[PDB]
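Step one of this worksheet: look at the structure below.
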Amino acid sequence: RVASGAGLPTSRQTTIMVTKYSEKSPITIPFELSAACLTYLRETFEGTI
Amino acid sequence: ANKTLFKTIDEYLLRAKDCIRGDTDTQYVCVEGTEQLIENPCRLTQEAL
(Lines give C-alpha, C1' and ligand atoms only; values in the text may rest on other atoms or scores of the structure.)
Protein backbone atom coordinates (compact mmCIF):
# COMPACT_ATOMS: atom_id res chain seq x y z
CA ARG A 1 0.00 0.00 0.00
CA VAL A 2 0.96 3.67 0.08
CA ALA A 3 0.62 6.40 2.69
CA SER A 4 -2.01 8.96 1.80
CA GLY A 5 -2.16 12.73 1.88
CA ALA A 6 -4.23 15.06 4.02
CA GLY A 7 -8.01 14.85 3.98
CA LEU A 8 -8.04 11.74 1.81
CA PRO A 9 -9.58 8.38 2.76
CA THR A 10 -6.47 6.29 3.36
CA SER A 11 -5.81 2.60 2.79
CA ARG A 12 -6.07 -0.22 5.29
CA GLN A 13 -3.72 -3.17 5.68
CA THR A 14 -5.50 -6.02 3.89
CA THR A 15 -4.63 -9.57 2.91
CA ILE A 16 -6.14 -11.92 0.36
CA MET A 17 -6.02 -15.70 0.20
CA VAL A 18 -6.94 -17.82 -2.80
CA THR A 19 -7.07 -21.54 -3.54
CA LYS A 20 -6.63 -23.39 -6.82
CA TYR A 21 -7.84 -26.87 -7.69
CA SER A 22 -6.73 -29.89 -9.68
CA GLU A 23 -8.77 -30.97 -12.70
CA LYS A 24 -8.76 -34.58 -13.84
CA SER A 25 -8.90 -35.81 -17.43
CA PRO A 26 -8.29 -39.55 -17.69
CA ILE A 27 -7.38 -41.10 -21.02
CA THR A 28 -7.85 -44.65 -22.23
CA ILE A 29 -7.23 -46.95 -25.19
CA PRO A 30 -8.90 -50.24 -26.07
CA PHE A 31 -6.99 -52.87 -27.96
CA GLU A 32 -8.19 -56.30 -29.02
CA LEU A 33 -6.64 -59.75 -29.09
CA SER A 34 -8.16 -62.66 -30.96
CA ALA A 35 -8.83 -66.07 -29.49
CA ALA A 36 -6.17 -67.49 -31.83
CA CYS A 37 -3.23 -65.62 -30.32
CA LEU A 38 -4.68 -66.38 -26.88
CA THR A 39 -4.82 -70.12 -27.53
CA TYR A 40 -1.44 -70.00 -29.27
CA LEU A 41 0.47 -67.81 -26.82
CA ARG A 42 1.14 -70.33 -24.02
CA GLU A 43 0.28 -73.56 -25.84
CA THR A 44 2.51 -75.91 -27.84
CA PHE A 45 1.40 -79.00 -29.77
CA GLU A 46 3.73 -81.82 -30.99
CA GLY A 47 6.72 -79.44 -30.91
CA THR A 48 6.45 -79.01 -34.67
CA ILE A 49 8.04 -76.14 -36.56
CA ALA B 1 -7.33 35.39 -13.39
CA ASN B 2 -6.38 38.83 -14.70
CA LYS B 3 -3.04 38.74 -12.86
CA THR B 4 0.49 38.69 -14.22
CA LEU B 5 1.53 35.79 -16.41
CA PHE B 6 3.59 33.81 -13.90
CA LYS B 7 0.97 34.08 -11.16
CA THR B 8 -1.83 33.15 -13.56
CA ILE B 9 -0.03 30.08 -14.84
CA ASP B 10 0.85 28.86 -11.34
CA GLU B 11 -2.77 29.50 -10.36
CA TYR B 12 -3.75 27.43 -13.40
CA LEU B 13 -1.43 24.61 -12.38
CA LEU B 14 -2.72 24.69 -8.82
CA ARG B 15 -6.45 25.31 -8.91
CA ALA B 16 -7.99 25.52 -12.41
CA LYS B 17 -9.26 21.94 -12.56
CA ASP B 18 -12.59 20.35 -13.34
CA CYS B 19 -13.00 17.59 -10.69
CA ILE B 20 -15.40 15.17 -12.40
CA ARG B 21 -16.12 11.65 -11.15
CA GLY B 22 -15.88 8.58 -13.36
CA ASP B 23 -18.04 6.08 -11.47
CA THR B 24 -21.47 7.12 -12.73
CA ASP B 25 -22.47 7.01 -16.38
CA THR B 26 -23.13 10.74 -16.39
CA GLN B 27 -20.83 13.61 -15.51
CA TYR B 28 -21.61 14.50 -11.93
CA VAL B 29 -19.27 16.75 -9.98
CA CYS B 30 -17.09 14.42 -7.92
CA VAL B 31 -16.83 14.21 -4.18
CA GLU B 32 -13.80 16.18 -3.07
CA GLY B 33 -10.29 14.80 -2.84
CA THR B 34 -11.03 11.10 -3.30
CA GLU B 35 -9.68 10.74 -6.84
CA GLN B 36 -7.29 12.91 -8.81
CA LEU B 37 -8.59 16.06 -10.42
CA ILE B 38 -9.19 16.71 -14.11
CA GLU B 39 -7.15 19.52 -15.60
CA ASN B 40 -8.22 21.46 -18.68
CA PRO B 41 -6.10 23.62 -21.00
CA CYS B 42 -9.31 25.06 -22.44
CA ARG B 43 -9.87 26.63 -19.02
CA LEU B 44 -6.70 28.64 -19.62
CA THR B 45 -7.20 29.39 -23.31
CA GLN B 46 -10.93 30.11 -22.71
CA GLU B 47 -11.67 28.58 -26.11
CA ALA B 48 -13.27 25.34 -27.24
CA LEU B 49 -12.17 23.13 -30.01
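We label chains A, B, ... in the order they appear in the C-alpha coordinates, count residues from 1 in each chain, and number ligands from 1 in the order shown.
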- Message: Can you work out which residues from chain A touch chain B at a cut-off of 12 Å (counting only C-alpha atoms) and hand them back as a PyMOL selection string?
- Response: chain A and resi 4-11
- Message: Just want the 12 Å neighbourhood of residue 2 in chain B, counted on only C-alpha atoms, with same-chain residues fewer than 6 positions away dropped. Output as a PyMOL selection string.
- Response: chain B and resi 8-9+11-12+44
- Could you state the separation of CA of residue 13 in chain B and CA of residue 31 in chain B in Å, given to one decimal place?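 If I compute the distance from CA of residue 13 in chain B to CA of residue 31 in chain B, I get 20.3 Å.
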Find the spatial neighbours of residue 46 in chain B, counting only C-alpha atoms, within a cut-off of 12 Å - ignore same-chain residues fewer than 5 positions away - and output them as a CSV table (one decimal) with N, CA, C and O atoms, in the first residue's frame.
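As written to disk, part03.csv reads:
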```
chain,number,residue,atom,x,y,z
B,1,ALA,N,-8.4,35.9,-12.6
B,1,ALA,CA,-7.3,35.4,-13.4
B,1,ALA,C,-6.7,36.5,-14.3
B,1,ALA,O,-6.1,36.2,-15.3
B,16,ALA,N,-7.1,25.5,-11.3
B,16,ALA,CA,-8.0,25.5,-12.4
B,16,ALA,C,-8.1,24.1,-12.9
B,16,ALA,O,-7.5,23.7,-13.8
B,40,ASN,N,-7.7,21.0,-17.4
B,40,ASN,CA,-8.2,21.5,-18.7
B,40,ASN,C,-7.4,22.6,-19.2
B,40,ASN,O,-7.4,23.7,-18.6
B,41,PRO,N,-6.7,22.5,-20.4
B,41,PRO,CA,-6.1,23.6,-21.0
B,41,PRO,C,-7.1,24.6,-21.6
B,41,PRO,O,-6.8,25.8,-21.6
```
